[PDB]
2 protein chains.
Amino acid sequence: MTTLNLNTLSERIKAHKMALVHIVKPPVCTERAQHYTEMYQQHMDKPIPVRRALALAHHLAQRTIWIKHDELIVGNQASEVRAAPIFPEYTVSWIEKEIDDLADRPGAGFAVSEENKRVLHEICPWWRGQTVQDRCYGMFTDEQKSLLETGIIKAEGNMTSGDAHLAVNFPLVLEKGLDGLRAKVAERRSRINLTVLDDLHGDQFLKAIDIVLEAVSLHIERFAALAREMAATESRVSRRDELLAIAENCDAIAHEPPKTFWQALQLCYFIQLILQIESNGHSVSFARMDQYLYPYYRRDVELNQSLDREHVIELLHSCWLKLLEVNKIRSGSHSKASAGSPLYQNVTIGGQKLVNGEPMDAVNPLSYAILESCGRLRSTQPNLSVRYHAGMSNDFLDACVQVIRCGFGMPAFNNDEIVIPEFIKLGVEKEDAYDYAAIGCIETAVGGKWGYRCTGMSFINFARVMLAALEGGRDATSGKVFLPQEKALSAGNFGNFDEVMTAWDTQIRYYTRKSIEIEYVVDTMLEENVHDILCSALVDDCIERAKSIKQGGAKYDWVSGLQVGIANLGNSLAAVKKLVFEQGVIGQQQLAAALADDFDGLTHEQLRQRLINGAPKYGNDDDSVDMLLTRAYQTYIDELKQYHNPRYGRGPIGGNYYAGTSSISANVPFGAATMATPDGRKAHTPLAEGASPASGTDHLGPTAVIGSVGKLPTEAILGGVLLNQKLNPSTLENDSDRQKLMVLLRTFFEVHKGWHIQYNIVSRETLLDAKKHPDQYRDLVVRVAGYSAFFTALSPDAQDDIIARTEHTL
Amino acid sequence: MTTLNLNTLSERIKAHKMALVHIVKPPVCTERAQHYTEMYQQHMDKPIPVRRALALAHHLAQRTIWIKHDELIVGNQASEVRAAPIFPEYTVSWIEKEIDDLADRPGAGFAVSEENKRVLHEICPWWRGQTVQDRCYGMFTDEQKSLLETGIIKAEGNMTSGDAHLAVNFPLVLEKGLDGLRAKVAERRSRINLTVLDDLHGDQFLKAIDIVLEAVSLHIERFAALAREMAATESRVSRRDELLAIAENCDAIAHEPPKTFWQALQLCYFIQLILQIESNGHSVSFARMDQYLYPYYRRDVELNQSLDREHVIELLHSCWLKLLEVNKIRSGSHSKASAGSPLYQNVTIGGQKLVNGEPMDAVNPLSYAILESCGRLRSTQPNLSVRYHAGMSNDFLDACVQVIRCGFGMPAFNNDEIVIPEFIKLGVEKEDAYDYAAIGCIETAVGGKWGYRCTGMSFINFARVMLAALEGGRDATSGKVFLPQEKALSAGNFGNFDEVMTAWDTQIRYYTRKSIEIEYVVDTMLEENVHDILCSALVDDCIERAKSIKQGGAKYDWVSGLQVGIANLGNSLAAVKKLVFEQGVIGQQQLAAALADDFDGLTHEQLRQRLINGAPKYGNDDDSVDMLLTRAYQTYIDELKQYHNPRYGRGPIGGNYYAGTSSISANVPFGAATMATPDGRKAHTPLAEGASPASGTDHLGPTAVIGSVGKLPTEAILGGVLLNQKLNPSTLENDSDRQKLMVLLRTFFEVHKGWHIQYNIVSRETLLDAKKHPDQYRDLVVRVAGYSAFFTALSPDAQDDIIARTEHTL
């Protein structure tokens, strides 16, 4: 049975990793901001796509590049290590407001030089009115502005950043190389007829693509020249040869399709890198790297032995650390939903493949080498996701638990047993459905053939809507009544609990329509102003259609928003149903006063405990509450069926919505703006994250949790059902308990058709000593919600929310 | 019969006309440019259609208004009298080049105060890169830039101005009033679904429309207040009460549908005026005024006798002079094609109407009063067109000849006998075809239901293309060979004349495709950057479709370019066919050397003189040349059928092209860039205008001219076949001769199915004395090509082109 070595790192990688983790307050880079402003100003006469393509080519040619830390995979995102570039086309509002207050922000600090401070005040004024965000607010209705003002609906990630949230078609890049893609664009332009309106627009986008494809080849050649320059001055023979090998690799993949594993991996990273230079969208993913890079691995390692397996791990480590170098700056408020400065760069391994139309297990030696390399490095990037299926061997599943015991949150699991059948049901072609991948956190899509944001659209706070449904449509936090209704607890005029559910149904249908109206504005402002030239080029079928992903270029296009406060909604309605209506133990007006009073006073404080412990809670396998949550959630799911997403009918298959709960760390900020709820939660405290049970309310062990989670309408929540789980390391020291988990996994995915599970393995004492002496735990990694983060890079608000999570035993 | 009094004018009208005609060097106004820049800068965040609506509302609210000349119809275009406003969104290029050299431009002089030079130096640089023209050149291929640089294809009027070239739905404005229009918009916005993409864009366009309608009403009330303010300072009881009546009528039409003829005329003018404040497009036309204003004329004149018919005449005079106050400034080059600073504001009278689906003569008393009002004033505005039909009475046709004898070039004639059948053939609904009108010059459309520029698209220089077809595809003027070919006169390798025509066919198809490629860029840049909010609002069916005319909002959308050098093409090929090939009296190389040498030297002058008088010319009813010109024109007409215009399939019926010859005064500047031609024309000399015979070549009288013109494929030239005709006034003093003329008209329109005829009536001594003593002939009006102009306001080149035209006798 494969036993992985999960401790050894080369001295090169150790020093490289150590250099990155000790950058506690990374700098900010303005190079991209300058060069984009320069080209936007010089090319106002060009169409926006061409203008943006010329902006990227100017930046790539003029920006600072370097090769550092004796790296074997080259390509820097910004002028300084771990620097965040600035992207002014999306917004400058928070930049101008916060530019002097970026050092001391809890959990999101950045160092800004005075010259960068000087440059930003010269650039940002020109972008006012032209940014994506300013244009969104030039079109929002006042009602929509007010909704976004209260925070009951939020879409800040969409208005201040590029979409990304996808994987490009790496097989296409590897098969054709950069010259082959330029040839593809030329053959497509030869079929342009300039007296046909669509072709006139199409040709300008194809021109943009060619400008960017040429620039990327020139940029790879620029690094090749840099490697040769450094090789001539590098005295160490070992490093000199590597630099020359790097220069030769770059020369090859600048034009021709890769021939070796090292070349193919470097090319794939170049794409991953430049995607995050042209756009600051996060969750840029590699999709099934263990599949499309395996032919090179097999040849170089197994057949010809030009490389040793250990060399491949070193190369993977090199790539992983470059992924950790990628950084992104967010506003002070939006950073609280993104605790740990994450970029969610996902890598998918495992799963199945089709051979002559028939499915087989896809796990291969490269799958093992990738899993092992992540176990040795124990970093936040990549966000490793494993595709489970019934045919996966115990050996590989055992190797996965071995890495879970390394205590950095990975690998996480997706489930072919639900993803493949439902994707096919939706209209994903069979060959594509079997080749799906994980994107960002838990969301899934067909890599290289899918539009942006399989999840990651607008956020609805279910708890605040529920409070409004319980109180005449009034939002407790803001006081505004967006949808008036007559029934309210303070009035005591609910005659049934059925009437409470009609109130919820009618309120959530209103906020659902508003959320979609808001997304239509934001998506269209992204469509018209911030085309992704390189990203669109590498997603089927934008080249042939001659338009961007956001215009309908992708073969598939389904998206989902995020519903926040899942456990709180169910627990709250169940407490109401049981204690107020079924038992007559709590009065409607009595409850409203405790909620408005935030359970203040001894009298109200024991009423609160009756709500906490006197009514069943989500996560204990009790149907009286679990099925109620599903019933309330189902109304949102059904309402989504009345709408299409903006790309509907414009090329892509689907063009519709579904649900999702991969709400990252939005539970803490959303809860901070949520008043007391009837589930016993006090005002301003975090909500349950993702779809996990509320912390400290699941008392019947892990098996009871998956019984509850499995009862959600998982098939309609293809944005993902996020299930966290925290264990003490001692709960997996014995093979007895490791096997106990592996059977728990197979049962969750095969019996209950679960979507995903991720594991924290860490003692409560360790996380408290990480608060005490940070310099001690600089490399301590922790699973937040869909991704991993360094515990000492978290703010205390998120540190404690993780510490408060339920610790389970097997 | 009916005898009109064509000499009476009130003292009020006399003084007013004198004030306008003695403005020799009109001023420029920067208010619109200043106010549009301010709102463009302060509303960059709004969608472009809404940004333009606020610019207008800000301009109308802040701009300078006044009432002068004791006018009964109020509304000024700019701050000063006959001042031309600046419209920077279309272009600032020619403005920056010619800013100091505007006063002495021949026939296009404007006065620019140092204050205005200072204002435009602040304004223009901000618009660099954002103008329509700059963004056209951000998309043109290098080939398309070179074609335009040489001038063989031209589209200067489209890149530097709005489109206009249409009539809005005046019946809708009169029937609904302004409040009714805002209500029509509200009801349409109530059907907007903000989760449907097309409705999201649509709602922004409807918002813009409503912003503008609100501003129009506020602007009319702004004039009502001014009239009351001036009435307070007015000491003449006569004029004081007139101002009170204006204030009351402005009050009424600011919201409600008008009830009186004065109200209905004032409101129709307010629209006509504001249309030309929001857009500098010209050929803004009234369509069938004698029809949609008759209900008021009948009520006020005939049924109730609230005002005398003579008062109606004075009111029409008031409107006509306000139309003359409108002005427009063009570049130095484009002004040469628009000799006389015209605006082509057309008024259509006559024609037919359907009474329960039965054709009936539409001529009515108001038709006579409009005809008579124009005869007394003898002004360049309105461009009066009469719709001829077989059933029109001898009495009215003689009234038209009475006005033609006033010597200002009007009325011109359109022919129901060809328009209505061919419009129906195109797909125009019978009800609409019978309601067609002339737009601008000679082109025809359905007022209130048609897109822009039924004619007025790109200009192709047929003579230069023909020269290239005779010489290896080389343009003699620039030296460029855009489409190479082997056969050329220099080589003497034409085997026969059929090979000559094959060359013409091959070359003209190439230049046709390229003209449309150029139009597609320009049309698309107009669509995306300069929406006409008020114009679109008042054309069917933009409000219901929630989009502009240029986006496909109009019920009908056909357009046509302009083919220049008609008679030169036929005459040139005729000379070549007869003398070179049929009779072998001139050699191919011999002819080529004469053409390259511009017929220099006594020997070559004899060859030229043989080309002129030794071969038949267009306009003598000689089939040998007439049918050859038709066969050459047929190739362009056939090539047009392979294309659709940019609105095709986006809403409107048709969406295709047809041909046109309404080339205004472009024959002069186009001739200036055309070298010697085989028709005996010397280099740099003017070409023939429109479809008229070349001057001095039609030697067999008028009856023979219409013989030739009628042989053109008129049914395919729905942009108009333009025919000028000049007579000495002594030729129409005998009623014997006047009946000869009317017989010829009925014959030209009914038997030959001709499109149009217009008559200059003036002696050679009058035109030459006006060149010598302009101050003496400031009110001398001459017919140019489709419109009339003040002779003393024409360039010397254009003055001489008219003086050189053939003078016919009957």
# chains A, B, ... in the order shown; residues from 1 in each chain; ligands from 1

$ calpha_fit_rmsd --fixed "chain B" --moving "chain A"
0.3 Å

$ closest_atom_pairs --of "chain B" --to "chain A" --cutoff "8 Å" --atoms "only C-alpha atoms" --output "JSON lines"
{"residue": "B:43", "atom": "CA", "partner": "A:129", "partner_atom": "CA", "distance": 7.1}
{"residue": "B:44", "atom": "CA", "partner": "A:129", "partner_atom": "CA", "distance": 4.9}
{"residue": "B:45", "atom": "CA", "partner": "A:129", "partner_atom": "CA", "distance": 4.4}
{"residue": "B:46", "atom": "CA", "partner": "A:138", "partner_atom": "CA", "distance": 4.8}
{"residue": "B:47", "atom": "CA", "partner": "A:138", "partner_atom": "CA", "distance": 7.4}
{"residue": "B:129", "atom": "CA", "partner": "A:45", "partner_atom": "CA", "distance": 4.5}
{"residue": "B:130", "atom": "CA", "partner": "A:45", "partner_atom": "CA", "distance": 6.0}
{"residue": "B:131", "atom": "CA", "partner": "A:45", "partner_atom": "CA", "distance": 7.9}
{"residue": "B:134", "atom": "CA", "partner": "A:45", "partner_atom": "CA", "distance": 5.7}
{"residue": "B:135", "atom": "CA", "partner": "A:45", "partner_atom": "CA", "distance": 4.5}
{"residue": "B:136", "atom": "CA", "partner": "A:45", "partner_atom": "CA", "distance": 7.9}
{"residue": "B:137", "atom": "CA", "partner": "A:45", "partner_atom": "CA", "distance": 7.5}
{"residue": "B:138", "atom": "CA", "partner": "A:46", "partner_atom": "CA", "distance": 4.7}
{"residue": "B:139", "atom": "CA", "partner": "A:46", "partner_atom": "CA", "distance": 6.9}
{"residue": "B:194", "atom": "CA", "partner": "A:517", "partner_atom": "CA", "distance": 5.6}
{"residue": "B:195", "atom": "CA", "partner": "A:517", "partner_atom": "CA", "distance": 5.2}
{"residue": "B:196", "atom": "CA", "partner": "A:646", "partner_atom": "CA", "distance": 7.3}
{"residue": "B:197", "atom": "CA", "partner": "A:646", "partner_atom": "CA", "distance": 5.9}
{"residue": "B:200", "atom": "CA", "partner": "A:521", "partner_atom": "CA", "distance": 7.7}
{"residue": "B:204", "atom": "CA", "partner": "A:139", "partner_atom": "CA", "distance": 7.9}
{"residue": "B:513", "atom": "CA", "partner": "A:195", "partner_atom": "CA", "distance": 7.8}
{"residue": "B:516", "atom": "CA", "partner": "A:195", "partner_atom": "CA", "distance": 6.4}
{"residue": "B:517", "atom": "CA", "partner": "A:195", "partner_atom": "CA", "distance": 5.3}
{"residue": "B:520", "atom": "CA", "partner": "A:195", "partner_atom": "CA", "distance": 6.4}
{"residue": "B:521", "atom": "CA", "partner": "A:200", "partner_atom": "CA", "distance": 7.8}
{"residue": "B:643", "atom": "CA", "partner": "A:195", "partner_atom": "CA", "distance": 7.0}
{"residue": "B:644", "atom": "CA", "partner": "A:195", "partner_atom": "CA", "distance": 7.7}
{"residue": "B:646", "atom": "CA", "partner": "A:197", "partner_atom": "CA", "distance": 5.9}

$ write_last_selection --atoms "N, CA and C atoms" --output "mmCIF file, in the first residue's frame"
data_model
loop_
_atom_site.group_PDB
_atom_site.id
_atom_site.type_symbol
_atom_site.label_atom_id
_atom_site.label_comp_id
_atom_site.auth_asym_id
_atom_site.auth_seq_id
_atom_site.Cartn_x
_atom_site.Cartn_y
_atom_site.Cartn_z
ATOM 1 N N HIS B 43 -20.992 63.112 -15.893
ATOM 2 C CA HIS B 43 -21.848 61.935 -15.965
ATOM 3 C C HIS B 43 -21.200 60.819 -16.776
ATOM 4 N N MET B 44 -19.869 60.704 -16.710
ATOM 5 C CA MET B 44 -19.181 59.572 -17.321
ATOM 6 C C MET B 44 -19.723 58.239 -16.827
ATOM 7 N N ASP B 45 -20.325 58.213 -15.636
ATOM 8 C CA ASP B 45 -20.818 56.971 -15.060
ATOM 9 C C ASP B 45 -22.130 56.508 -15.677
ATOM 10 N N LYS B 46 -22.864 57.398 -16.344
ATOM 11 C CA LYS B 46 -24.149 57.036 -16.916
ATOM 12 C C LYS B 46 -23.962 56.326 -18.254
ATOM 13 N N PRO B 47 -24.922 55.494 -18.654
ATOM 14 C CA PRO B 47 -24.917 54.990 -20.030
ATOM 15 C C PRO B 47 -24.917 56.148 -21.016
ATOM 16 N N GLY B 129 -9.854 61.462 -29.183
ATOM 17 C CA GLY B 129 -9.983 60.043 -28.967
ATOM 18 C C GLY B 129 -11.407 59.550 -28.791
ATOM 19 N N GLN B 130 -12.318 60.413 -28.333
ATOM 20 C CA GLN B 130 -13.687 60.016 -28.034
ATOM 21 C C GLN B 130 -14.679 60.370 -29.132
ATOM 22 N N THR B 131 -14.267 61.139 -30.138
ATOM 23 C CA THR B 131 -15.203 61.583 -31.159
ATOM 24 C C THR B 131 -15.547 60.435 -32.103
ATOM 25 N N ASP B 134 -12.683 60.011 -34.699
ATOM 26 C CA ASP B 134 -11.473 59.372 -34.191
ATOM 27 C C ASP B 134 -11.671 57.871 -34.016
ATOM 28 N N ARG B 135 -12.868 57.453 -33.600
ATOM 29 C CA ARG B 135 -13.121 56.036 -33.368
ATOM 30 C C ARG B 135 -13.426 55.279 -34.652
ATOM 31 N N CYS B 136 -13.901 55.967 -35.695
ATOM 32 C CA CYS B 136 -13.891 55.375 -37.029
ATOM 33 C C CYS B 136 -12.469 55.013 -37.436
ATOM 34 N N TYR B 137 -11.536 55.952 -37.266
ATOM 35 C CA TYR B 137 -10.145 55.698 -37.613
ATOM 36 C C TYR B 137 -9.445 54.800 -36.603
ATOM 37 N N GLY B 138 -10.101 54.468 -35.491
ATOM 38 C CA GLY B 138 -9.633 53.398 -34.634
ATOM 39 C C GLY B 138 -9.995 52.010 -35.112
ATOM 40 N N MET B 139 -10.825 51.913 -36.156
ATOM 41 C CA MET B 139 -11.267 50.639 -36.701
ATOM 42 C C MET B 139 -10.944 50.439 -38.176
ATOM 43 N N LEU B 194 -36.310 43.980 -15.489
ATOM 44 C CA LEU B 194 -34.895 44.261 -15.274
ATOM 45 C C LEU B 194 -34.057 43.001 -15.087
ATOM 46 N N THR B 195 -34.654 41.816 -15.238
ATOM 47 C CA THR B 195 -33.915 40.561 -15.291
ATOM 48 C C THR B 195 -33.850 40.009 -16.712
ATOM 49 N N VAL B 196 -34.160 40.839 -17.705
ATOM 50 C CA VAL B 196 -34.073 40.488 -19.118
ATOM 51 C C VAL B 196 -33.100 41.465 -19.761
ATOM 52 N N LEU B 197 -32.067 40.932 -20.419
ATOM 53 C CA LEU B 197 -30.952 41.768 -20.857
ATOM 54 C C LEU B 197 -31.425 42.919 -21.738
ATOM 55 N N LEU B 200 -32.970 45.674 -19.860
ATOM 56 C CA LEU B 200 -32.075 46.500 -19.056
ATOM 57 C C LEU B 200 -31.508 47.644 -19.887
ATOM 58 N N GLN B 204 -32.766 52.032 -19.978
ATOM 59 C CA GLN B 204 -31.895 53.200 -19.980
ATOM 60 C C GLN B 204 -32.228 54.127 -21.141
ATOM 61 N N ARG B 513 -17.946 47.276 -52.703
ATOM 62 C CA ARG B 513 -17.731 46.552 -51.456
ATOM 63 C C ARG B 513 -16.982 47.407 -50.445
ATOM 64 N N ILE B 516 -19.048 50.054 -48.702
ATOM 65 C CA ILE B 516 -19.955 49.545 -47.680
ATOM 66 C C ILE B 516 -19.179 49.099 -46.447
ATOM 67 N N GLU B 517 -18.000 48.504 -46.640
ATOM 68 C CA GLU B 517 -17.118 48.245 -45.508
ATOM 69 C C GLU B 517 -16.866 49.523 -44.721
ATOM 70 N N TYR B 520 -20.055 50.579 -42.807
ATOM 71 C CA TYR B 520 -20.315 49.746 -41.638
ATOM 72 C C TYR B 520 -19.547 50.247 -40.422
ATOM 73 N N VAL B 521 -18.296 50.663 -40.615
ATOM 74 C CA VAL B 521 -17.532 51.236 -39.510
ATOM 75 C C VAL B 521 -18.190 52.522 -39.023
ATOM 76 N N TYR B 643 -25.594 42.873 -50.457
ATOM 77 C CA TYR B 643 -25.323 43.424 -49.142
ATOM 78 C C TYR B 643 -26.622 43.781 -48.435
ATOM 79 N N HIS B 644 -26.539 43.835 -47.109
ATOM 80 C CA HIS B 644 -27.570 44.410 -46.261
ATOM 81 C C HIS B 644 -26.946 45.549 -45.465
ATOM 82 N N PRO B 646 -26.598 47.922 -41.886
ATOM 83 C CA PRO B 646 -26.352 47.425 -40.521
ATOM 84 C C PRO B 646 -27.599 47.196 -39.676
#

$ residues_around --residues "residue 799 of chain A" --least-positions-apart "3" --cutoff "10 Å" --atoms "only C-alpha atoms" --output "list in words"
residues 107, 339, 767, 768, 770, 771, 782, 784, 791, 792, 793, 794, 795, 796, 802, 803 and 804 of chain A

$ write_last_selection --atoms "N, CA, C and O atoms" --output "PDB file, in the first residue's frame"
ATOM      1  N   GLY A 107      -5.968  41.604   9.732  1.00  0.00           N
ATOM      2  CA  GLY A 107      -6.033  40.493   8.805  1.00  0.00           C
ATOM      3  C   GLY A 107      -5.915  40.850   7.341  1.00  0.00           C
ATOM      4  O   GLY A 107      -6.168  39.990   6.491  1.00  0.00           O
ATOM      5  N   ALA A 339     -10.956  36.230   4.560  1.00  0.00           N
ATOM      6  CA  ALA A 339      -9.940  36.188   5.602  1.00  0.00           C
ATOM      7  C   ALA A 339      -8.745  35.349   5.166  1.00  0.00           C
ATOM      8  O   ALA A 339      -8.901  34.224   4.682  1.00  0.00           O
ATOM      9  N   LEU A 767      -3.732  26.230  18.342  1.00  0.00           N
ATOM     10  CA  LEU A 767      -4.239  27.489  17.808  1.00  0.00           C
ATOM     11  C   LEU A 767      -4.170  28.605  18.840  1.00  0.00           C
ATOM     12  O   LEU A 767      -4.031  29.778  18.476  1.00  0.00           O
ATOM     13  N   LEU A 768      -4.270  28.267  20.126  1.00  0.00           N
ATOM     14  CA  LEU A 768      -4.148  29.286  21.162  1.00  0.00           C
ATOM     15  C   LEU A 768      -2.700  29.728  21.328  1.00  0.00           C
ATOM     16  O   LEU A 768      -2.430  30.912  21.564  1.00  0.00           O
ATOM     17  N   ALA A 770      -0.649  29.719  18.866  1.00  0.00           N
ATOM     18  CA  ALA A 770      -0.393  30.523  17.677  1.00  0.00           C
ATOM     19  C   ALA A 770      -0.820  31.969  17.887  1.00  0.00           C
ATOM     20  O   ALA A 770      -0.194  32.887  17.344  1.00  0.00           O
ATOM     21  N   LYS A 771      -1.883  32.191  18.665  1.00  0.00           N
ATOM     22  CA  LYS A 771      -2.231  33.550  19.065  1.00  0.00           C
ATOM     23  C   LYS A 771      -1.171  34.133  19.991  1.00  0.00           C
ATOM     24  O   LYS A 771      -0.808  35.308  19.871  1.00  0.00           O
ATOM     25  N   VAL A 782      -4.448  26.609   8.159  1.00  0.00           N
ATOM     26  CA  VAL A 782      -5.756  26.316   8.737  1.00  0.00           C
ATOM     27  C   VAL A 782      -6.811  26.380   7.637  1.00  0.00           C
ATOM     28  O   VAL A 782      -6.778  27.271   6.784  1.00  0.00           O
ATOM     29  N   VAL A 784     -10.275  27.367   6.364  1.00  0.00           N
ATOM     30  CA  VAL A 784     -11.312  28.366   6.736  1.00  0.00           C
ATOM     31  C   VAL A 784     -12.680  27.892   6.236  1.00  0.00           C
ATOM     32  O   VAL A 784     -13.415  27.331   7.017  1.00  0.00           O
ATOM     33  N   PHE A 791      -2.742  30.733   9.824  1.00  0.00           N
ATOM     34  CA  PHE A 791      -3.497  31.131  11.008  1.00  0.00           C
ATOM     35  C   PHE A 791      -3.048  32.492  11.525  1.00  0.00           C
ATOM     36  O   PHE A 791      -3.875  33.299  11.964  1.00  0.00           O
ATOM     37  N   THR A 792      -1.745  32.767  11.480  1.00  0.00           N
ATOM     38  CA  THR A 792      -1.226  34.032  11.982  1.00  0.00           C
ATOM     39  C   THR A 792      -1.475  35.197  11.032  1.00  0.00           C
ATOM     40  O   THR A 792      -1.310  36.352  11.440  1.00  0.00           O
ATOM     41  N   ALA A 793      -1.863  34.929   9.786  1.00  0.00           N
ATOM     42  CA  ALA A 793      -2.279  35.974   8.861  1.00  0.00           C
ATOM     43  C   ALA A 793      -3.766  36.288   8.970  1.00  0.00           C
ATOM     44  O   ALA A 793      -4.253  37.170   8.254  1.00  0.00           O
ATOM     45  N   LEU A 794      -4.491  35.590   9.839  1.00  0.00           N
ATOM     46  CA  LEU A 794      -5.903  35.851  10.060  1.00  0.00           C
ATOM     47  C   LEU A 794      -6.077  36.950  11.098  1.00  0.00           C
ATOM     48  O   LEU A 794      -5.277  37.086  12.028  1.00  0.00           O
ATOM     49  N   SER A 795      -7.209  37.626  11.034  1.00  0.00           N
ATOM     50  CA  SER A 795      -7.523  38.628  12.076  1.00  0.00           C
ATOM     51  C   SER A 795      -8.093  37.869  13.274  1.00  0.00           C
ATOM     52  O   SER A 795      -8.703  36.823  13.066  1.00  0.00           O
ATOM     53  N   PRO A 796      -8.013  38.386  14.515  1.00  0.00           N
ATOM     54  CA  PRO A 796      -8.592  37.704  15.678  1.00  0.00           C
ATOM     55  C   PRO A 796     -10.074  37.325  15.531  1.00  0.00           C
ATOM     56  O   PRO A 796     -10.458  36.266  15.965  1.00  0.00           O
ATOM     57  N   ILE A 802     -12.927  30.132  14.088  1.00  0.00           N
ATOM     58  CA  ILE A 802     -12.445  28.783  13.814  1.00  0.00           C
ATOM     59  C   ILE A 802     -12.217  28.022  15.115  1.00  0.00           C
ATOM     60  O   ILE A 802     -12.513  26.824  15.209  1.00  0.00           O
ATOM     61  N   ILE A 803     -11.686  28.702  16.139  1.00  0.00           N
ATOM     62  CA  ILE A 803     -11.452  28.058  17.430  1.00  0.00           C
ATOM     63  C   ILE A 803     -12.765  27.589  18.045  1.00  0.00           C
ATOM     64  O   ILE A 803     -12.812  26.546  18.709  1.00  0.00           O
ATOM     65  N   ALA A 804     -13.851  28.327  17.819  1.00  0.00           N
ATOM     66  CA  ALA A 804     -15.143  27.978  18.396  1.00  0.00           C
ATOM     67  C   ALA A 804     -15.828  26.822  17.680  1.00  0.00           C
ATOM     68  O   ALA A 804     -16.850  26.332  18.175  1.00  0.00           O
TER      69      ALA A 804
END

$ residues_around --residues "residue 209 of chain B" --least-positions-apart "2" --cutoff "12 Å" --atoms "only C-alpha atoms" --output "MDAnalysis selection string"
chainID B and resid 49:54 56:57 178 181:186 188:189 202:207 211:216 531:538 542:544 546:548

$ write_last_selection --atoms "C-alpha atoms" --output "tab-separated table (two decimals), in the first residue's frame"
chain	number	residue	atom	x	y	z
B	49	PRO	CA	-27.85	57.47	-24.12
B	50	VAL	CA	-28.60	58.89	-20.66
B	51	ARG	CA	-25.41	60.97	-20.67
B	52	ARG	CA	-26.59	62.59	-23.90
B	53	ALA	CA	-30.07	63.25	-22.51
B	54	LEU	CA	-28.65	65.17	-19.54
B	56	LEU	CA	-29.37	68.38	-23.77
B	57	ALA	CA	-31.42	69.14	-20.65
B	178	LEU	CA	-45.84	66.30	-24.88
B	181	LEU	CA	-45.62	61.31	-25.08
B	182	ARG	CA	-44.26	61.04	-21.53
B	183	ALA	CA	-47.26	58.82	-20.75
B	184	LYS	CA	-46.50	56.59	-23.74
B	185	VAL	CA	-42.98	56.21	-22.35
B	186	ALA	CA	-44.22	55.50	-18.82
B	188	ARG	CA	-43.67	51.22	-21.92
B	189	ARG	CA	-41.32	51.39	-18.93
B	202	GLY	CA	-34.06	49.35	-23.14
B	203	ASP	CA	-34.93	50.92	-19.80
B	204	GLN	CA	-31.89	53.20	-19.98
B	205	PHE	CA	-32.95	54.41	-23.42
B	206	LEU	CA	-36.49	55.08	-22.18
B	207	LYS	CA	-35.10	56.99	-19.20
B	211	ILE	CA	-35.34	63.18	-19.50
B	212	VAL	CA	-35.48	64.88	-22.90
B	213	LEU	CA	-39.26	65.13	-23.16
B	214	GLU	CA	-39.28	66.72	-19.71
B	215	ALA	CA	-36.57	69.16	-20.81
B	216	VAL	CA	-38.46	70.07	-24.00
B	531	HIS	CA	-27.72	58.36	-29.93
B	532	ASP	CA	-30.38	60.86	-31.04
B	533	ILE	CA	-32.79	60.79	-28.09
B	534	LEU	CA	-35.52	63.18	-29.26
B	535	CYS	CA	-35.31	62.07	-32.89
B	536	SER	CA	-35.60	58.37	-31.99
B	537	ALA	CA	-38.47	59.19	-29.63
B	538	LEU	CA	-40.49	60.72	-32.49
B	542	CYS	CA	-38.31	53.36	-31.25
B	543	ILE	CA	-40.20	53.88	-27.98
B	544	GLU	CA	-41.93	50.50	-28.25
B	546	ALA	CA	-36.76	50.98	-26.47
B	547	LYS	CA	-33.81	51.74	-28.74
B	548	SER	CA	-32.56	54.37	-31.16
